[PDB]
Structure formats: structure tokens, C-alpha cells
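Heads up, the chain below is alone and in the form deposited in one PDB entry; it's given as C-alpha cells.
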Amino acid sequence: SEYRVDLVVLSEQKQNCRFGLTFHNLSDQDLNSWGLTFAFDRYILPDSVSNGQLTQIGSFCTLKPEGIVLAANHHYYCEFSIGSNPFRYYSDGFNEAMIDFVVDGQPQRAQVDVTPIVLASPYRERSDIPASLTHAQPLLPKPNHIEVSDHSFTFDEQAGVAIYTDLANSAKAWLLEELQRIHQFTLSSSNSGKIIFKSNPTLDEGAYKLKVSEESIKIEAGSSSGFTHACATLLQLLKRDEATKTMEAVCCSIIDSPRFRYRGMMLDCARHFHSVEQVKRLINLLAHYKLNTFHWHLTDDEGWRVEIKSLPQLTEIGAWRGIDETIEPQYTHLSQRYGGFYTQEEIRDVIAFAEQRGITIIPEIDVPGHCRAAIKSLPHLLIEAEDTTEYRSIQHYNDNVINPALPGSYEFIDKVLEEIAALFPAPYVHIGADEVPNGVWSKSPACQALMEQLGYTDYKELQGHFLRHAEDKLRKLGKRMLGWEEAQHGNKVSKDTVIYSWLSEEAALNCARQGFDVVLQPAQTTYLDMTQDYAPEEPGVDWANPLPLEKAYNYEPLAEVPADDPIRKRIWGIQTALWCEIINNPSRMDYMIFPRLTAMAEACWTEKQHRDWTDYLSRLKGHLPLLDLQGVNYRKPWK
């Protein structure tokens, strides 16, 4: 196009980086009253800006040039710095850029072409996956016990499916749906069928037996979830022959049980909105690897994605961002109005859909921090005009924290939680409870007064006051509260609050020893937003470090702790998360989630003794064609 911006690393030192920004007017016309905006994920040092005035709100940066006019075929040059060790990835550059200018007194906008950043210090090393054989049974996760016989079972579309327990209804409907959707293979219910669902009360929750014989398949379970897990195994076990409307399973005996009770995946829908069809699609894929929990991250600074009828403004304002919108653009789509939200009717449809695959949905509503979208939506309710407190969040925001002294904050949170509790049948609600920015509420008159009333000597204690109100409210609504690990410090939440630990296993067990229930979600091994390889072209982020597939598989939760340890009562299970700062489409989403999710699924499900990297690679390789039939854009392990 007419306008191009080039970013170049000029200097690299310990915790410090300098950049050269060059903007080219390649149009024939001069630019008048011109200004540059771009998306950048790092905090730019404000006194470091050499040739213009920079304003930064989150990722959204506006640079006013010192020059009023930029001539045709001319260049504008600026330097800035950041406090950071070297950039390793092209995605560390500007995601998008654009300009504003005036022709004949009228405002104009143009998209700017952003050259890939010229990196000084890309990784030279590359993560190599060794060549692998293809395993005959590509089962992910690995069943804890499988015995394979020499024979095989071949069946046609008239084989029939028999069900002798109502517990298996959901699993049975799902199998048939998936065999139809994936393979176009139609099975029907037959009381005299070759595929049998049988009840076995001795089996624990989620456990199943699956035996393939020469002329029959028998599935046994004592729970709905068990039959669901069994059907996920059977989908991976079946091989469809072409030029014969037929399916083949190896004769085998499988006895299987889940290692952990909670096996979850969190999706960030606030940073970027993913449509109902996309969410459904992921949820069903989750069920394929025997995950039982979808954690829906619905609210954050960059968006509010859940319809609240009592507060229409949250989705009418807070679901949208753009230059013309109340909320500024972030990350991508700088030129347009970006957004979306889920209606309560759509959420009801997603809940029902998930339940058919044994998937519980946990909603997350972030307070008091990460609340920018809500605050812009309800200014009269949630803003104290007399607050002069200067603070910066970790995501470069100075105006994103709820005020625990305002009565409107309590009106807001009560109204939202009532509608969330009624909408979501799962007995859990996640409240955020992220650490507040340093010095927040420090110059708030309303907060100063509330400290004196409660006897608090430090402003951080207000956090606990707000969170305790949320917990008590959720308790009246019949919901247990869930929170991120910071909630455990102080007395901000009771022992009933479930803690999501991302720091370390040692911190998680510390928390468990205190009497909290906890979910392990370590940043270093379970964050699927992290890059998958060391090459600079790989999409993702790397602040927690690159996470290639081998590092993902080597994650082995609670390896050192014995099977009998009473602390394991406190460990709900494991979770993996996708943060969506730079994920705005299903192609990129697939690429990041797959194949690593299968490794996370195996960590969740399979006992450590049955885990092996080589064996895992061989099963992943035989599983790849099944993902291809579904059109999942997984990152290729062998390319």
C-alpha cells in the first residue's frame, strides 16, 4: 500500500532494548496533521521516545510526530526503548498499524503495511522431533491398561447398537453423531446389536472397560462419564476402510480409569471473541481426549462477552472496541469495530451441547481487577470521580480496577453473579481474584473512609472485603467460588474457595497444605499461547518460555508425591489454558492448541508408569489422519 512502517532492533543490553521506528510516505500526496497508531504488547518507556509524543493504553499506541507535515517519498524516524531482554519472535513486533491525517479539513484513515521486525538475536537452535513409527492403536490419552489380540472385528452399518442402561444414553448418542460427522458412517439402535453398552456398578467414576471380540464390542461402565470416555477411545480405535462401507477395530481388552478428577481447558474469549460454532467445535474436541471441564474466560479488560439482562450496557458497550467505540482497539482489528458476545440463549445451547459430551462449563467473571470493559460500560455505577490514584496494571492500564468502597460495585457484582448462577448449572463460579496493581485505591476518598470503618491499615485489605462479599453471595446462590492463586494470600477468601495455581507445583502444594482445594495450571508447561518452536516465524508468546511438544509431554504433575499422600485429596486436577492476545481466528487457534492438548490430556488422564515419549509420538502420528479428516489445523510434528 501507500504507507509502510519498519521496526528495527538498534541495541540489546540486559533488561533493556532500543528500537528504530521508520515510517514511509510512499504516496504521491503530502500528509498533513498526521499521526501513527499501532498495536504493541510491551510497555514503551515514555521518556525514551526520541521524536514525538507517545500515548499507550494497553497494546494500543498512538504516536504524535513532532512534524506537522510529512512530504511525499519522505520518512519519519523515531526511537524508543523498553525494559526487556532480547526479542526472539517476529510476533513481538507491531501486529497492525494505521494512520490518521487531514485532507481539505476532513479526517482520513489508512492501514499501514508493517514490515516484519528486524530481529537482532533470533534463536539459532531448533526443536527437533525424532522420526517415528506409526502405532497400530493411536490412542490419546493412553489407556492405563490395554491388551491387544491377534484378531480384528470388521462390522458394517447394520451391526446395531444395544444399550442396557440409561447411563449410556448420552455416550451412545455422541458416538453415532461423531461416526456420522467424521466418517459418514451411520449406526442404529438394535436390541440385538453387535455393539453393546452394559452397566457395571463396581467401576469408579469415569472408569470403563472396553472389550473388542471377533463379532462384538462390549462397553462396560458404572457412570455416564465412563461410557463417554469409552466412546472417545472407540473413535480412535476404529479404522474405516474405503471401497467397503465398513469399520475395523483390533480385538483387545481395555480397562481404564482417570488419574485426576478435574481435567480442564480454559479458553480466553475476552481478548478475542470466538463464535458459538467455534466454541462448540473445541468443546467436542476436548471430549475426544477425555477432558471433562471447559473453563470459559468470558470477561477481561479487552472485552465483556456474557449477556446480562439487568445490565444491557455490558454487552452493548463492553462487547465492542474500536476508534469510534468507547473502548479502545487492542491487539488486532485497529481499523474496524471489533467484538461479539454470547447471548444467554446461545450460552444455554452451549451448556446443553457440552453436557452431551460429559463436559462441565465453569464461567469466570473477573473482579476487582481486569475489569476495564465493565468500568467503561457502567461509568456512573463503577467510577469514583474524586479518585486521583496513579497506578499501572501488568497489562499497561491505569483505569481498570473496581472500587470496593462504591455501592455501585456491589450492585454490579450481585446482579452479574445472580444471572451467572441461574444461567450456569455447574456448582462453581470463578471470580478472578487477580492481584491488584500496586498502590491501587491509595488516593481514593471513598476507600480511605472504608478503611477507617473496617480497621484496615493497608489498602490491599479492601480486596478481601470485596472478594468475601462475592464468596458469600455465591454461597447464597448455591455456588462454590473459584479463584487464581493470589486469592489464597491474606484472608481474602475462605478455605472453600478453589485455588488455580500457575506459579509452581511447590506453591500449589503449599496452598493445598493450608486446606484449600487446588487446580494445577502451571504457566511454564500448560500455557498453549506459548510458542511451539525456537524459529522466529513461530506464532505465540514466550514470556514463560517456548513450549515445544517434548517439554509439554515431559510435564509430569506430582511425580515426587506418593500415591497414598493425603495431600492428593486437595488436588482437584490439571488444567491447560489458551490466552488469546494474538489468537483471533480458528486456524491460529487450532495451530496453538494441537497437538499439545493431547499431551496435556495424557498428563491429566494416564498414570506416569504408562507414559513414554517415544510411544506417545507413535500414537500421535497414527492419530494425525483422524485430525485431518476433521480439518483441524494442528502444527505438524513432522514437516
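The term rigid core refers to the maximal set of C-alpha atoms that superpose within 1.5 Å between the two forms. From 1 onward, residues are counted along the sequence shown.
Not on display, but discussed next: the form deposited in another entry.
- Residue showing a CA shift of 2 Å or more between the shown form and the other one (rigid core superposed; candidates 166, 560, 324, 386): 560.
- For residue 517, a C-alpha deviation below 2 angstroms is recorded between the shown form and the other one after rigid-core alignment.
- Taking 2 Å as the criterion, residue 133 does not count as shifted between the shown form and the other one: its C-alpha moves by less than this amount when the rigid core is aligned.
- Annotation for residue 477: C-alpha shift under 2 angstroms between the shown form and the other one, rigid core superposed.
- One change in the other entry concerns residue 393 and residue 506, whose Cα atoms lie at least 3 Å closer than in this form.
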